[PDB]
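Structure, as structure tokens:
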Amino acid sequence: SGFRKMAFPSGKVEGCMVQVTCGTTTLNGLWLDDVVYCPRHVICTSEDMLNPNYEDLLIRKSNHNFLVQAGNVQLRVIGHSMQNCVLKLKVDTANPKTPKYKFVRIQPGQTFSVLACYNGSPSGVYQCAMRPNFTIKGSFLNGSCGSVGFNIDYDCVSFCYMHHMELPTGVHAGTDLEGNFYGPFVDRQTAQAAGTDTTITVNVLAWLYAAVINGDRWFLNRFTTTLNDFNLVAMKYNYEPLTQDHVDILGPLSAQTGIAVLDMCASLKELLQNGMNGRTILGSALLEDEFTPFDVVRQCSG
Amino acid sequence: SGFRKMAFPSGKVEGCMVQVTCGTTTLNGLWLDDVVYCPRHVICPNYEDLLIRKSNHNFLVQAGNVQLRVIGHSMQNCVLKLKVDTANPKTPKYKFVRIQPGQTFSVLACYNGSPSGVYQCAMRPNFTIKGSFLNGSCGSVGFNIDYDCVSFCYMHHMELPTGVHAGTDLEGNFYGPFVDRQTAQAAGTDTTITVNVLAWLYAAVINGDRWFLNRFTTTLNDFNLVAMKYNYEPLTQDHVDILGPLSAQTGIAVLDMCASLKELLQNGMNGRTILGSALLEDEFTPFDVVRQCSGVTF
Ligand SMILES: O=C(C[C@@]1(C(=O)Nc2cncc3ccccc23)CCOc2ccc(Cl)cc21)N1CCC[C@@H]1Cn1ccnc1
Ligand SMILES: [Cl-]
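One line per chain: the protein sequences are A and B, in this order. So for the first sequence, PDB author numbering puts the first residue at 1; every next one is plus one. Numbered by PDB author numbering, the letters in the second sequence go through residues 1 to 44, 52 to 305 in order.
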């Protein structure tokens, strides 16, 4: 019993965190095999950030300009290339602590763990989701750039995020491990704003199923809804449209609890209408949207 | 910017998790040097009588895909200490510490000696933890990392009928009035960790949330009279002193922040949130707020 926002054990990722320094800039890098991956803005100063020509800044750099540090050991950079917004620093030593890994690009609504690092040193781990507006509501201070987002499925670490910037609303933008940004974001200190955020509906439904599994049924009603009428109501509360894929993905949770997805949808409709009325659901006074159907099946069952 | 429930990096603890099996019972063990620590209920009650019937080879210990041979066994309160032939090479710098209610720690939840998740939680004033544990999680540990040293503070033993959890420090002493026995046990009436709510209000001010602030101040006694009415833990002078650095950083005196809390308790949030929450968060200590809003690394 119990429902917590649970991050994956960070151990496999901790053994990959290194410090990357180029001139005065110092951020984090991910050392996997003989390659260190880090945000390409490590080559930039604060001046360069307005309109940086990365190919032009990188062509002026040699291998020895990049000081890489794994613990108390300096790694020798033997090569460097750029893949989108990530810099790939070829080093002379392969990381002995390299785990089984994959680079995965996630879709909005997907959750992952973030190992927040400063100066190549892991300082904390937390769980978060890719918001529908392609930002993450993270906890990052200056020097956290290069901190990574990951999921561990079995023994394999699936890297899905590298931190690059904080938007003016305090939310964060980053890339996948191939340098492609999530969202219309760019690694430039230009006028960029996070789009209007929406609630991840499939996740709220999944979290309501977790509450039913944990014995909380106060929010259930005798009503059902059509997918279209639910989306008409959901859109008015800035909820993401629930698609037929979301309904299919919720199938196992619906079967386990005996509450049809559209029946749970009607509870959500009523919850949006009435609020909680001094009540909580899984110790929360707000509808939680940062637990996927897979997270619920993982934590409530296995 | 950003405020999340943040756990310590679990890596140093992951390298200590082993599987302990005695008969049909299977749970987790903490392998530190040549000893494996685990709940004494793995033998299951008269624990001296059940343990005297066990030999070393009855305890199957598994570190990954390697079986460890138990060469000895002793009991320290509610914890079983299984002496193994091999010292854990991944043993970190560590201490066994007993924590006080209100203090927080990270829990590395494990099943069959395999870490599956990490979360932050606080020792509730009623000595239970609002954790997330399924069957097979017994032996999962609570810890804080101070610089390079892992301070083990909790070993999970059981779940109470309200879904909350009970366990011991790493010396086998239970937190709270619990016993490792299938009997009528209930968690006492819980209270809100006041110093933690105040610390979390300071974190909201650091993150640019000032809607709840007012021009008012209060005396410690008047705040305690109000707090005791809402099942809040009494705020002591030590709490006031501990919140000093946050009071200096934000320019809001502790009794000034207490007046904000008093108004939130009597009036509510009014459709507003603080750090994305509609409830007053009490599972962040003043140190957690300082550590997260400074960037302390391990
Ligand atoms: O500019 C940036 C980083 C930046 C950014 O967002 N940083 C931060 C990240 N995470 C959390 C943060 C919390 C508090 C303050 C800053 C944070 C600044 C704002 O403008 C942008 C715009 C775009 C991008 Cl991709 C990056 C940034 N850096 C980081 C190194 C190199 C370079 C120039 N540089 C040098 C020395 N300090 C900064
Ligand atoms: Cl995905």
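Built from N, CA and C at the ideal position, the CB exists for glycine as well.
(message) Just to confirm before moving on: does the CB-CB distance between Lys88/A and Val148/A stay below 9 Å?
(response) Residue 88/A sits at position 88 when you count from the first residue of the first sequence. Residue 148/A sits at position 148 when you count from the first residue of the first sequence. Not a contact, by the Cβ cut-off of 9 Å.
(message) I'd like the list of long-range same chain contacts for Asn95/B, defined as Cβ closer than 6 Å, with 5 residues on each side in sequence excluded.
(response) Here the question's residue 95/B lines up with position 88 in the second sequence. Correct list, in chain order: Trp31.
(message) Quick check on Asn151/A: does DSSP put it in helix, strand or coil?
(response) Along the first sequence, one-based indexing puts residue 151/A at 151. Residue state, collapsed to three classes: strand.
(request) Can you tell me which of the three DSSP states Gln299/B falls into? (result) Taking the first residue of the second sequence as position 1, residue 299/B is located at position 292. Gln299/B: helix per DSSP, three-state reduction.
(request) Check distances from the C-beta atoms of the stretch 106-125 of chain A to those of chain B and list, in chain order, the residues that come in under 9 Å. (result) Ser113, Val114, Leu115, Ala116, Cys117, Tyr118, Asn119, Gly120, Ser121, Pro122, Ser123, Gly124, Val125
(request) Would you tell me roughly how many angstroms separate the C-alpha atoms of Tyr101/A and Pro122/B, rounded to the nearest one? (result) Position 101 of the first sequence, counted from the start, is the residue given in the question as residue 101/A. Position 115 of the second sequence, counted from the start, is the residue given in the question as residue 122/B. One C-alpha to the other measures close to 17 Å.
(message) Using a Cβ-Cβ cutoff of 9 Å, what residues of the stretch 197-214 of chain A are near chain B? List them in chain order.
(response) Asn214
(request) Flag this pair as touching only if the stretch 72-88 of chain A and the stretch 126-145 of chain A have three or more C-beta atom pairs under 8 Å; answer yes or no. (result) no
(message) Let me see if you follow: with CB-CB separation under 9 Å, is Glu240/A close to chain B or not?
(response) Position 240 of the first sequence holds residue 240/A. Answer no: the Cβ-Cβ gap between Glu240/A and chain B never drops below 9 Å.
(request) Would you kindly report the start and end of the unbroken alpha helix (DSSP H) that includes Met276/B? (result) Counting from one through the second sequence, the residue named residue 276/B turns up at place 269. Run containing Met276/B: none; DSSP gives neither H nor E here.
(request) Determine the extent of the alpha helix (DSSP H) in which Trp31/B is found, giving its start and end residues. (result) Taking the first residue of the second sequence as position 1, residue 31/B is located at position 31. Taken as a continuous stretch (DSSP letters only), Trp31/B belongs to no alpha helix (DSSP H), being part of the beta strand (DSSP E) at 25-32.
(message) Pop quiz: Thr292/B and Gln110/B are said to be a contact at Cβ under 8 Å. What is the actual Cβ separation, rounded to whole angstroms?
(response) Reading the second sequence from its first residue, position 285 is the one you call residue 292/B. Reading the second sequence from its first residue, position 103 is the one you call residue 110/B. Indeed, because the Cβ distance is near 6 Å, the residues count as touching under 8 Å.
(request) Compare the beta carbon distance of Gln127/A and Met6/A with 9 Å and say whether it is the shorter of the two. (result) One-based indexing of the first sequence puts residue 127/A at position 127. One-based indexing of the first sequence puts residue 6/A at position 6. A contact, by the Cβ cut-off of 9 Å.
(message) Taking 8 Å as the cut-off, is the C-beta of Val42/A nearer than that to any heavy atom in ligand 1?
(response) In the first sequence, the residue the question calls residue 42/A occupies position 42. Answer for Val42/A: yes, Cβ within range of ligand 1.
(request) Tell me where the alpha helix (DSSP H) around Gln256/A begins and ends. (result) As a working note, residue 256/A is residue 256 in the first sequence. Where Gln256/A is concerned, the enclosing alpha helix (DSSP H) stretches over 251-257.
(message) Contact criterion: CB-CB distance below 9 Å. Does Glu14/B meet it with respect to chain A?
(response) One-based indexing of the second sequence puts residue 14/B at position 14. It does; some Cβ of chain A falls within 9 Å.
(message) Buried or exposed, going by whether 16 or more other CB atoms sit within 10 Å of the CB of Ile59/B?
(response) Here residue 59/B refers to the residue found at position 52 when the second sequence is read from its first residue. Exposed is the call here.
(message) Buried or exposed for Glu166/A, going by 16 or more other Cβ atoms inside 10 Å?
(response) One-based indexing of the first sequence puts residue 166/A at position 166. By the neighbour-count rule (16 or more Cβ atoms within 10 Å), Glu166/A is buried.
(message) Any heavy atom of ligand 2 inside 8 Å of the beta-carbon of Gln127/A?
(response) For this step, residue 127/A is matched to residue 127 along the first sequence. Checking every heavy atom of ligand 2 against the Cβ of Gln127/A, none is found closer than 8 Å.
(message) Mapping the DSSP letters down to three states, classify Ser267/A as helix, strand or coil.
(response) As a position in the first sequence, residue 267/A is number 267, starting the count at 1. DSSP places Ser267/A in helix when its eight states are reduced to three.
(message) Quick check on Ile78/A: does DSSP put it in helix, strand or coil?
(response) Stepping through the first sequence from its first residue, residue 78/A is reached at position 78. Reduced to three states, the DSSP call for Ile78/A is strand.
(message) Measuring only the C-alpha atoms, how far is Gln189/A from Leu250/A?
(response) By 1-based counting over the first sequence, the position of residue 189/A is 189. By 1-based counting over the first sequence, the position of residue 250/A is 250. In a straight line, the C-alpha of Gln189/A is about 40 Å away from that of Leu250/A.
(message) Applying the 10 Å Cβ sphere with the 16-neighbour rule, what's the burial state of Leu75/A?
(response) Reading the first sequence from its first residue, position 75 is the one you call residue 75/A. Answer is buried; the Cβ neighbour count reaches 16.
(message) At a threshold of 8 Å, does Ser301/B count as lining ligand 1 (C-beta to nearest heavy atom)?
(response) Reading the second sequence from its first residue, position 294 is the one you call residue 301/B. For ligand 1, not one heavy atom lies less than 8 Å from the Cβ of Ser301/B.
(request) Less than 8 Å between the CB atoms is what I'm expecting for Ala194/A and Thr169/A, so what's the real figure, rounded? (result) In the first sequence, residue 194/A corresponds to position 194, counting from 1. In the first sequence, residue 169/A corresponds to position 169, counting from 1. That belief holds up - the Cβ atoms of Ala194/A and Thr169/A are roughly 6 Å apart, short of 8 Å.
(message) Mapping the DSSP letters down to three states, classify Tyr237/A as helix, strand or coil.
(response) One-based indexing of the first sequence puts residue 237/A at position 237. Here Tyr237/A sits in coil by DSSP.
(message) Given a cut-off of 9 Å on the beta-carbon distance, is the pair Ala234/B and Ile281/B in contact?
(response) By one-based count along the second sequence, residue 234/B stands at place 227. By one-based count along the second sequence, residue 281/B stands at place 274. No, the Cβ-Cβ distance between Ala234/B and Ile281/B is not below 9 Å.
(message) So if I measure from each beta-carbon to every heavy atom of ligand 2 and keep distances below 5 Å, which residues remain?
(response) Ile106/A, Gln107/A, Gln110/A
(request) Give the interface partners of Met6/B over in chain A, defined as CB-CB distance under 7 Å, in chain order. (result) Here residue 6/B is taken as the residue at index 6 of the second sequence, counted from 1. Neighbours of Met6/B on chain A, chain order: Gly124, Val125, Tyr126, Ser139.
(request) Give a single yes or no on whether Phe134/A has its beta carbon closer than 8 Å to a heavy atom of ligand 1. (result) Reading the first sequence from its first residue, position 134 is the one you call residue 134/A. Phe134/A Cβ: outside cutoff for every heavy atom of ligand 1.
(request) Would you mind sorting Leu232/B into buried or exposed? The rule is 16 or more other CB atoms within 10 Å of its CB. (result) The residue labelled residue 232/B in the question sits at position 225 within the second sequence. Burial call: exposed.
(request) Might you give, ordered along the chain, the residues of its own chain that have their beta carbon closer than 6 Å to the beta carbon of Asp187/A, omitting 5 neighbours on each side? (result) Here residue 187/A refers to the residue found at position 187 when the first sequence is read from its first residue. Taken in chain order, the residues that qualify are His41, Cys85, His164.
(request) With DSSP collapsed to three states, give me the class of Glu55/A. (result) Against the first sequence, residue 55/A aligns to sequence position 55. Correct three-state label for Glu55/A: helix.
(request) Keeping to the same chain, check which residues put their C-beta closer than 7 Å to that of residue 48/B; ignore five residues upstream and five downstream. (result) For residue 48/B, no position is available: the coordinates of chain B end at 44 and pick up again at 52.
(message) Give me the chain A residues within the contact set of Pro9/B, using Cβ-Cβ distance strictly less than 8 Å, ordered along the chain.
(response) By one-based count along the second sequence, residue 9/B stands at place 9. Within 8 Å Cβ-Cβ: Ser10, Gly11, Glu14, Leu115, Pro122, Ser123, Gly124, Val125.
(message) Alpha carbons only, please: which of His80/A, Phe8/A, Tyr161/A, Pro241/A is nearest the one belonging to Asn63/A?
(response) Position 63 of the first sequence, counting from 1, holds the residue named residue 63/A. Cα-wise, what sits closest to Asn63/A is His80/A.
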